[PDB]
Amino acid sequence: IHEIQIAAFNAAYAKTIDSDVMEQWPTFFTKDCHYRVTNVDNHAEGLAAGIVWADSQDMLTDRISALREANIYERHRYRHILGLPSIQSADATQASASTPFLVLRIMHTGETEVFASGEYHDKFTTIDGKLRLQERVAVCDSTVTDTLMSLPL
């Protein structure tokens, strides 16, 4: 597992969220994954809470369900701009990697702002063909989220 394979998976992950084909987003994770949105201060102090906290793929599907069916929020999109992954350790089938990210938010009425940046802390595994996330934790540089966070990072 090389950085450009992870880069390629990251392109599809990002493309998925950015194009609002949100139903596909859980498929990027194993059945029993961890996914968490957090910030450096929590990370630094070893605090476990997340803005999003999931320990199964089902919970990701349900989060998406709620986005579709229940939650009220104004329309907006993301634009993800990722950097090159760094691998901490890798096999032929598993990897620990971090990836730097920037996420713009563009309101439907036109305003664009830097909504989040940081790095994903990942554990990857290979099911069949391609890479799959067992863990993705989005450690955000800022402790501040503007208004609300409706789409996952």
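The first residue of the shown sequence is 1; numbering continues from there.
Of the two segments, 108 to 116 and 25 to 33, the one listed with the higher mean B-factor is 25 to 33 (C-alpha atoms only). According to the PDB record, 5 to 13 carries the higher mean C-alpha B-factor of the two stretches 138 to 146 and 5 to 13. Comparing C-alpha B-factors across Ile127, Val40, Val103, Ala49 in the deposited entry, the largest value falls on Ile127.
Ranked within its chain, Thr99 lands in the lowest third, by CA B factor from the PDB record.
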